[PDB]
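Note sheet for the following structure.
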Amino acid sequence: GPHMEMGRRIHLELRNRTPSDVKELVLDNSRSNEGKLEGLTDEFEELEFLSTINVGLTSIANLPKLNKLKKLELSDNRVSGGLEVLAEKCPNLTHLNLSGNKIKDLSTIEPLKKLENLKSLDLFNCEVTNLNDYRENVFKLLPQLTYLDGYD
Ligand SMILES: [Cl-]
């Protein structure tokens, strides 16, 4: 987004504390490193909420292990795949927001079936929401899910 580099945003949040202290981190509108996460490490052992809205993200492959992460907001980026990383890196995730990304088909979100605790998924304004029987087919793909785009 039109703000600071992501690494600089993170360093400012870490003035006078350490990564293991942080519970929530809002990196919205910072600038990713040519499409990639930067500054996030596995030292963030207590992080439960991470927001990286509008950071120009094109890949989540550099997501570190975040075993306590419950909510991940990735809205308004250009993520188009690679979602298998979440089951490896944040296996306890319960809420995922992918609204406004390049999610075009069911195959792209099929890896979310490996997130045992996933309860809520948002895909607002993604191409996949234009598929016939979109809601029905997503719930069949992701039987553990309770809410899609906020309901049923
Ligand atoms: Cl915090």
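Here's how to read the names in the structure tokens: chain A, B, ... by the order shown, residue numbers from 1 in each chain, ligand numbers from 1 in the order shown.
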What are the closest atom pairs, with distances in Å to one decimal, for all residues of stretch 81-126 of chain A lying within 6 Å of stretch 63-73 of chain A? Consider only C-alpha atoms, order rows by chain and residue number, and present the result as CSV.
```
residue,atom,partner,partner_atom,distance
A:89,CA,A:65,CA,4.3
A:90,CA,A:66,CA,5.2
A:93,CA,A:70,CA,4.2
A:94,CA,A:70,CA,5.1
A:95,CA,A:71,CA,4.7
A:96,CA,A:72,CA,5.1
A:97,CA,A:73,CA,4.7
```
Taking N, CA and C atoms for each residue, export the selection above as an mmCIF file, in the first residue's frame.
```cif
data_model
loop_
_atom_site.group_PDB
_atom_site.id
_atom_site.type_symbol
_atom_site.label_atom_id
_atom_site.label_comp_id
_atom_site.auth_asym_id
_atom_site.auth_seq_id
_atom_site.Cartn_x
_atom_site.Cartn_y
_atom_site.Cartn_z
ATOM 1 N N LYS A 89 2.154 -23.999 8.371
ATOM 2 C CA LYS A 89 2.700 -22.898 9.151
ATOM 3 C C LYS A 89 1.753 -22.339 10.218
ATOM 4 N N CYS A 90 0.450 -22.330 9.951
ATOM 5 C CA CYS A 90 -0.523 -21.912 10.965
ATOM 6 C C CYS A 90 -1.665 -22.919 11.066
ATOM 7 N N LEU A 93 -5.249 -22.109 12.653
ATOM 8 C CA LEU A 93 -6.052 -21.016 12.116
ATOM 9 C C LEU A 93 -7.554 -21.312 12.149
ATOM 10 N N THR A 94 -8.349 -20.324 12.571
ATOM 11 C CA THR A 94 -9.805 -20.471 12.631
ATOM 12 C C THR A 94 -10.550 -19.532 11.682
ATOM 13 N N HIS A 95 -9.929 -18.392 11.367
ATOM 14 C CA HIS A 95 -10.542 -17.379 10.514
ATOM 15 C C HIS A 95 -9.556 -16.934 9.445
ATOM 16 N N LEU A 96 -9.979 -16.986 8.185
ATOM 17 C CA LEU A 96 -9.135 -16.575 7.062
ATOM 18 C C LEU A 96 -9.904 -15.647 6.124
ATOM 19 N N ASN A 97 -9.331 -14.472 5.847
ATOM 20 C CA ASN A 97 -9.946 -13.512 4.931
ATOM 21 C C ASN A 97 -9.100 -13.351 3.689
#
```
Taking only C-alpha atoms and all ligand atoms into account, report as a compact mmCIF listing (two decimals) with N, CA, C and O atoms, in the first residue's frame which residues have an atom no farther than 8 Å from an atom of ligand 1.
```txt
# COMPACT_ATOMS: atom_id res chain seq x y z
N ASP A 21 6.39 -11.19 22.47
CA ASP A 21 5.40 -10.42 23.24
C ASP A 21 4.12 -10.08 22.45
O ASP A 21 3.08 -9.78 23.03
N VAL A 22 4.21 -10.11 21.13
CA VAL A 22 3.17 -9.53 20.28
C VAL A 22 1.97 -10.48 20.07
O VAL A 22 2.15 -11.64 19.67
N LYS A 23 0.76 -9.99 20.34
CA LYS A 23 -0.45 -10.78 20.15
C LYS A 23 -1.19 -10.48 18.85
O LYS A 23 -1.85 -11.35 18.28
N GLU A 24 -1.14 -9.22 18.45
CA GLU A 24 -1.81 -8.73 17.24
C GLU A 24 -0.88 -7.81 16.47
O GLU A 24 -0.15 -7.01 17.07
N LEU A 25 -0.91 -7.92 15.15
CA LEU A 25 -0.06 -7.11 14.29
C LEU A 25 -0.83 -6.68 13.07
O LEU A 25 -1.28 -7.53 12.30
N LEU A 47 1.68 -14.73 18.55
CA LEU A 47 0.84 -13.98 17.63
C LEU A 47 -0.45 -14.74 17.30
O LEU A 47 -0.42 -15.89 16.85
```
Under the rule that only C-alpha atoms are counted, which of A:1, A:146, A:8, A:84 is the nearest residue to residue A:52?
A:1
Given only C-alpha atoms, how would the per-residue table for stretch 42-124 of chain A near stretch 26-36 of chain A read, listing every residue at most 7 Å away with its closest atom pair and distance in Å to one decimal, sorted by chain and number, as a Markdown table?
```
| residue | atom | partner | partner_atom | distance |
| --- | --- | --- | --- | --- |
| A:50 | CA | A:26 | CA | 6.1 |
| A:51 | CA | A:26 | CA | 4.8 |
| A:52 | CA | A:28 | CA | 4.7 |
| A:53 | CA | A:28 | CA | 4.4 |
| A:54 | CA | A:29 | CA | 5.0 |
| A:55 | CA | A:31 | CA | 4.9 |
| A:56 | CA | A:35 | CA | 5.6 |
| A:57 | CA | A:35 | CA | 4.3 |
| A:58 | CA | A:35 | CA | 4.7 |
| A:59 | CA | A:36 | CA | 5.8 |
| A:60 | CA | A:36 | CA | 6.8 |
| A:62 | CA | A:36 | CA | 6.6 |
```
If you measure from atom CA of residue A:144 to atom CA of residue A:118, what distance in Å do you get, rounded to one decimal?
6.6 Å
Could you pull out the residues in stretch 4-135 of chain A that DSSP calls helix (DSSP H, G or I) from the backbone, as a count of residues only?
32
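When only C-alpha atoms are used to measure the gap to residue A:145, the shortest distance among A:41, A:80, A:117, A:75 belongs to A:117.
Considering the residues A:13, A:152, A:105, A:122 and counting only C-alpha atoms, residue A:74 has its shortest atom-to-atom contact with A:122.
Across the structure, atom CA of residue A:9 and atom CA of residue A:45 are spaced 18.6 Å apart.
In this structure, atom CA of residue A:127 sits 7.1 Å away from atom CA of residue A:102.
With only C-alpha atoms as the atoms that count, the residue of A:46, A:19, A:111, A:101 with the shortest distance to residue A:88 is A:111.
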May I have all residues of stretch 12-112 of chain A that DSSP, computed from the backbone, assigns to strand (DSSP E), given as a VMD selection string?
chain A and resid 24 to 26 49 to 51 71 to 73 95 to 97
